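Comments concern the structure below.
Note: hydrogens, waters and symmetry copies are ignored here, and every other heavy atom, side chains too, is used. Proteins get letters first, then strands, A, B, ... in listed order; numbering begins at 1 in each.
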Amino acid sequence: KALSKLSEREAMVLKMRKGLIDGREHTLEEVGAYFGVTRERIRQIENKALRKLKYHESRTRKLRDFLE
Amino acid sequence: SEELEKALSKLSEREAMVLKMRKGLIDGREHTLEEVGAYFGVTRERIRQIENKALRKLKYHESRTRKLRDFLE
DNA sequence: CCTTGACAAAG
DNA sequence: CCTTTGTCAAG
């Protein structure tokens with residue numbers, strides 16, 4: 001399950017969308033096609049992966065941040 | 001798939017780290033060339049150079065092997 | 001591998 | 001009005 005960790009697919013969705021795979025940013029449509037899924041599911045997966053990254057210590061790290 | 005992440009794995013860690021940071025794959029937040037510069041201790045222009053090389057590597061490999069485009073195109 | 005200085009845009 | 005970002009050309 002994980003509340004702060006990313007699954008193989010979540011990270012891949014991110015790498016493909018942001019251009020980490022071939023230097024080209026890809027549309028939700030293309031990524032969905034790659035995953036035999038809908039462009040909307042990609043968008044969803046994309047969003048959940050980001051929250052896992054934000055929250056992931058980052059959000060709660062803000063108090064320790066004020067001290068650096 | 002590690003298979004499609006071939007070129008991305010041949011980038012330097014620094015190069016990879018720069019892309020991840022700029023794009024927000026580290027903490028969900030997109031960072032400025034300046035913030036990344038501050039991270040690695042160099043100017044935003046330098047980071048800009050590094051980022052540019054990294055992408056150039058990815059596009060080049062992609063245009064030579066045609067991994068993703070043989071599928072999309 | 002790196003920094004400067006001058007800009008356009010956007011804020 | 002002044003500042004931040006991302007670019008460029010040189011070195």
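Of all heavy-atom pairs between B:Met21 and B:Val36, the closest is CB-CG2, 3.8 Å. Between B:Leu4 and A:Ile21, the shortest heavy-atom distance links the atoms O-CG2, 3.4 Å.
Between the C1' atom of C:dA9 and the CG atom of B:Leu33 lies a distance of 15 Å, rounded to the nearest Å. For the pair B:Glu35 CD and D:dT4 P, the interatomic distance rounds to 12 Å; values are reported in whole Å. Here the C1' atom of nucleotide D:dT7 and the CZ atom of B:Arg22 are 12 Å apart, to the nearest Å.
Remark: A:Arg41 fails to qualify as a cation-pi partner of A:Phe35 under the 6.0 Å distance and 45° angle criteria applied to the six-membered ring.
With no hydrogens or angles considered, a side-chain donor-acceptor pair links B:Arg64 and B:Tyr60 at under 3.5 Å.
Of all the residues in residues 45-60 of chain B, B:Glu45, B:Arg46, B:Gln49 reach under 4.0 Å from DNA chain C with at least one non-hydrogen atom.
A sub-4.0 Å separation between OP1 or OP2 of D:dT7 and a side-chain N or O of B:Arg44 is absent. Using a 4.0 Å cut-off, some side-chain N or O of B:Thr43 falls inside it from OP1 or OP2 of C:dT3.
The side-chain heavy atoms of A:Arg24 and B:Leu55, taken from C-beta on, include no pair separated by under 4.5 Å. A:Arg39 places none of its side-chain heavy atoms less than 4.5 Å from the side chain of A:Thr27.
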